[PDB]
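>>> need a structure here:
(2 chains, ligands or ions: 2)
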Amino acid sequence: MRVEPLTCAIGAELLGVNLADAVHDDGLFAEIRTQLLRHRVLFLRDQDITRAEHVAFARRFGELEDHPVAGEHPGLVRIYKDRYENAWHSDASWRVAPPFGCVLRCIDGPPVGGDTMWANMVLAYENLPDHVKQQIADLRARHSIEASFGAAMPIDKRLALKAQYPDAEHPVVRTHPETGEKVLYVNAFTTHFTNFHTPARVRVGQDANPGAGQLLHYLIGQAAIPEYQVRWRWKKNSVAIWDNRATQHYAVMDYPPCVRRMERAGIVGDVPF
Amino acid sequence: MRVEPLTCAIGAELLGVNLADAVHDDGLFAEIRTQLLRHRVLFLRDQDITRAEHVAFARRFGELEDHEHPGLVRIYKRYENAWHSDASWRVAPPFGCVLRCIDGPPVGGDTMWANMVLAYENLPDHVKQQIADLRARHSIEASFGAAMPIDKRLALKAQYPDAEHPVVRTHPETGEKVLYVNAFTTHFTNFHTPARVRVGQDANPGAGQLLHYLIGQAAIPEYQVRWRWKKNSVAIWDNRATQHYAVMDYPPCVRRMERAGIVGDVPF
Ligand SMILES: [Mg+2]
Ligand SMILES: [Mg+2]
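Numbers count the residues shown, from 1 in each chain, chains lettered A, B, ... in the order given. Ligands and ions are numbered 1, 2, ... in the order given. Next comes the structure:
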């Protein structure tokens, strides 16, 4: 198969590949998996496939997230159209075990608008300055659904949501479980560091607050650096496969009210360390 | 001609269009001009042209910046990987540019533009009120001059004193308001008024915090387009309404571009 990188940092298009064939061809699937680990996000055009095949392909990466939600083919979630996805985020990092990744297919949509972007948070970590790496090495931070999705709810619904999903603490520097690469693991869901206030970092109060929040802002803003980014334009039956552990994504909301239909299959991830 | 926008905010590809022909077809150039003003930046593939044709097309927008083929500058291969409006540090920054890729690597080196008219219009009302009369300085000393020997930096500053420009710029051909601060902008010159400043921290870091919020608007993906170069691909953009960013994701390699810059006037 042909692998065509979109940028030097992240993303590649797979050509001459029918995702349906990877369900039963173990060699083809192995290569796709190898490419996903190297390029963080893989793109394909003209994937005329069935929902069972979409589900069965994603299942090759691991068990699928099967919370009922708002989407006939278990594992598949329909997304028919919200200003929450237009933010640099790693999917559901507010969970104890955020997902491994996702296989996303565009069913129908407008001819222009609605691009999706990804950022390489392995590169974002690797290029940090030495004194930032030393400073953040043992930091941990909390990721909150309360303060993002719950923020606009009636206070009782917000607090119930929080009880259902307590703010998850994760290492700020995450070790990718399959490659060993270090990942800068704070994003739009991250509210604050939990273990910043130490004698090594804090002489006086203003070192802790706003100091801790200023460092967090610097870290989450690394995803906004174009050097780490790729931007993908959707067409009918286009597919994105991405490694949610190593990336953040941003669904661009440049379009007026319109009908866009996507279908995704999320893959279960493990505890970040 | 076929105009294919790349995003809902900015950028469009022109198809079935040869720029060389636009020198003499007045109707065609009018359309190209109209589309540029509407879409901020225009992209074309497979522009097999000579340097004479490149310059003559660009002169249709106005006189060329002339700091073998006058007006054209060859660029053969870390300041351009920043959100900036070209030469906003000048008293009269350029109108725009016609940029052609000669040859280059198959991956890497994308260029991005941001729509700073949209960046202004979506600001919150209280920010629009606060910045309406602001002016700010754009410095070559503090960017290009910064790493030079101190003597060369000051001489460079002497040639181009830090230019003051309105923070809210009126586009001269569309009447649109443009958020006109970028990476070259150092600080506001007229922020410290009794309406904005009660106590010292309101002015400093207060003024600097507002400037950072403004220049950071260019980093919003909603306002952006990203272009991947091919041989003989061409970009034309309105430098008054946009900022651009040359992505520097590539390892050391050889890339060859040619550009024709168009003189702009005083921002007001
Ligand atoms: Mg998402
Ligand atoms: Mg430039």
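>>> from here on, just use CA atoms for contacts and neighbour counts.
Fine.
>>> distance check, residue A:118 against residue A:46.
Using C-alpha to C-alpha, to the nearest Å, residue A:118 is found at 21 Å from residue A:46.
>>> if you count surrounding residues, which of those two has more?
The residue with more neighbours, out of residue A:118 and residue A:46 and counting by other C-alpha atoms under 10 Å in any protein chain shown, is residue A:118; that gives 26 against 14.
>>> element containing the more buried one?
Take DSSP states H and E as the rule and residue A:118 turns out to sit in strand A:116-120.
>>> repeat for residue A:104
Assigned by DSSP H and E, residue A:104 falls within strand A:101-108.
>>> which neighbouring elements make contact with that strand?
Secondary-structure packing of strand A:101-108 (3 or more C-alpha pairs under 8 Å, 6 or more residues apart in numbering or on different chains; DSSP states H and E): helix A:51-59, strand A:239-243, strand A:261-267.
>>> now do 10 Å
Packing contacts for strand A:101-108, counted by 3 or more C-alpha pairs under 10 Å, 6 or more residues apart in numbering or on different chains; DSSP states H and E, involve strand A:41-44, helix A:51-59, strand A:76-80, strand A:239-243, strand A:261-267.
>>> between the ones you listed, which one is nearest to residue A:107?
For the helices and strands packed on strand A:101-108, distance to residue A:107 was read as C-alpha to C-alpha. The smallest value, 5.4 Å, belongs to strand A:261-267.
>>> now the angle between strand A:101-108 and the closest one, please.
Angle between the axes of strand A:261-267 and strand A:101-108 is 170 degrees (criterion: axes from the mean of the first three to the mean of the last three C-alpha atoms, to 10 degrees).
>>> for strand A:261-267, packing partners?
Packed against strand A:261-267, as judged by 3+ C-alpha pairs under 10 Å, 6+ apart, are the following elements: helix A:51-59, strand A:76-80, strand A:101-108, strand A:239-243.
>>> which one, of the ones you listed, ends up nearest to residue A:135?
The closest of the helices and strands packed on strand A:261-267 to residue A:135 is strand A:239-243. By C-alpha to C-alpha, the value is 26.6 Å.
>>> ok, and the closest non-adjacent residue to the most centrally placed residue in chain A?
For chain A, the residue sitting closest to the mean C-alpha position, by C-alpha atoms, centre = their mean, is residue A:90 at 3.3 Å. Closest residue to residue A:90 in three dimensions, ignoring its sequence neighbours and counting by C-alpha to C-alpha, 6 or more residues apart in numbering or on different chains: residue A:248, at 4.4 Å.
>>> you'd agree the one you found is up against residue A:189?
No. At 11.1 Å, residue A:248 does not count as touching residue A:189 under the criterion of C-alpha atoms under 10 Å.
>>> residues shared between the contacts of these two?
Among the neighbours of residue A:248, those also in contact with residue A:189 (C-alpha atoms under 10 Å, 6 or more residues apart in numbering or on different chains) are A:87-91.
>>> now those in TSV, with secondary structure?
Formatted as TSV, the entries for the shared contacts of residue A:248 and residue A:189 read as follows, by DSSP: H, G, I helix; E, B strand; the rest coil:
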residue	secondary structure
A:87	coil
A:88	coil
A:89	strand
A:90	coil
A:91	coil
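>>> closest to chain B out of those residues?
residue A:87 (9.1 Å; C-alpha to the nearest C-alpha).
>>> for stretch A:123-131, which outside residues touch it?
With C-alpha under 10 Å, 6+ apart as the test, stretch A:123-131 has contacts from A:9-10, A:121, A:132-134, A:173-174, A:181-185, A:219-225, A:227-228, A:246-247.
>>> what's the first-to-last distance across that stretch?
Using C-alpha to C-alpha, the span of stretch A:123-131 from its first residue to its last is 17 Å.
>>> buried ones in it?
Of the residues in stretch A:123-131, those buried under the neighbour-count criterion (16 or more other C-alpha atoms under 10 Å in any protein chain shown) are A:123-125.
>>> related to what we said a few turns ago, so who does the residue nearest to residue A:90 touch?
Neighbours of residue A:248 in contact, by C-alpha under 10 Å, 6+ apart: A:40, A:87-91, A:117-121, A:184-188, A:223, A:229, A:242.
>>> so where do the helices sit in the stretch 101-250 of chain A?
Using DSSP state H, counting those that start in this stretch, the helices found in the stretch 101-250 of chain A span residues A:121-126, A:130-136, A:155-164, A:205-208, A:211-220.
>>> who wins for proximity to residue A:145 among the ones you listed?
The minimum distance between residue A:145 and the helices of the stretch 101-250 of chain A falls on helix A:155-164, with 6.9 Å, by C-alpha to C-alpha.
>>> distance from the chain centre to the closest one, please.
Per C-alpha atoms, centre = their mean, to the nearest Å, the displacement of helix A:155-164 from the mean C-alpha position of its chain is 24 Å.
>>> tell me which residues in that helix are buried?
A:158-159, A:161-162.
>>> what of stretch A:178-187?
The neighbour-count criterion (16+ other C-alpha under 10 Å) identifies A:182-187 as the buried residues of stretch A:178-187.
>>> check stretch A:253-269 too.
Of the residues in stretch A:253-269, those buried under the neighbour-count criterion (16+ other C-alpha under 10 Å) are A:253-254, A:261-269.
>>> check stretch A:50-59 too.
For stretch A:50-59, the buried set under the neighbour-count rule, 16+ other C-alpha under 10 Å, comprises A:51, A:53-59.
>>> also stretch A:99-110?
Using 16+ other C-alpha under 10 Å as the burial criterion, the residues of stretch A:99-110 that qualify are A:99-109.
>>> who in chain A is up against chain B?
When proximity is defined by C-alpha under 10 Å from any C-alpha of the partner chain, chain A lies next to chain B at A:4-10, A:86-88, A:111-117, A:221, A:224-233, A:250-256.
>>> filter the residues you listed to the buried ones?
For the residues of chain A next to chain B, a neighbour count by 16+ other C-alpha under 10 Å gives the buried set as A:5-10, A:86-88, A:112-117, A:221, A:224, A:226-232, A:250-254.
>>> hang on, the earlier thing: got CSV for the helices and strands packed on strand A:101-108, with distance to residue A:214 too?
CSV is the format used below for the helices and strands packed on strand A:101-108 (distance: least, C-alpha to C-alpha, whole Å):
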stretch, distance to residue A:214
strand A:41-44, 30
helix A:51-59, 38
strand A:76-80, 35
strand A:239-243, 28
strand A:261-267, 33
